[PDB]
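Before any comments, here is the structure.
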Amino acid sequence: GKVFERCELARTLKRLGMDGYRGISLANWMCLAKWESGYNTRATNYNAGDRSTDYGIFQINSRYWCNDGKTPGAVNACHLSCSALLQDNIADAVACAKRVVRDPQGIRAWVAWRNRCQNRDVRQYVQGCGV
């Protein structure tokens, strides 16, 4: 797919109801989506340890969320192919991201968030977007 521009994405995420979903602010979703993919919807990351792979803009993991047909002991939570998470339309990626935080860990499941966003101010990511 395509790569999102910061405000291009804040508008899209706001539109899809990401502002305050399960408490997460648009800004933490934006911090998440940068340090996980650079807004690259087509982003992919392989995990040699468990053979899983993180897909799309919010790097949804293949081991428990979507099925990519090659992950050991894969659970298919969102009950969808991981390919769907690599489209220009992120509706599908947003829904698994929403799902992921519906669990106990919430936003903290993503290692990149805990390292770059957690315990920091993230208002920058949205400053200037007008949302």
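Every residue number used here counts from 1 along the chain in the order it is shown.
Looking at the header, which is where the method is noted, we find X-ray crystallography, 2.2 Å.
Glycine residues also receive a Cβ, built from the backbone N, Cα and C atoms like all the rest.
Take the candidates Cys31, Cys66; Swiss-Prot pairs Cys117 in a disulfide bond with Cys31. The record in Swiss-Prot lists a disulphide bond between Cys82 and one of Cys66, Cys78, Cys96, namely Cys66. The Cβ of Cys31 (disulfide bond) has 24 other Cβ atoms within 10 Å, all protein chains considered. Of all Cβ atoms in the shown protein chains, 26 besides its own fall within 10 Å of the Cβ of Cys82 (disulfide bond). Taking the C-alpha positions, the distance from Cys78 (disulfide bond) to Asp54 (active site) comes to 14 Å. In this structure the C-alpha atoms belonging to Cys66 (disulfide bond) and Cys96 (disulfide bond) are separated by 8 Å. Reported as a whole number, the C-alpha separation between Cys7 (disulfide bond) and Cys31 (disulfide bond) equals 12 Å.
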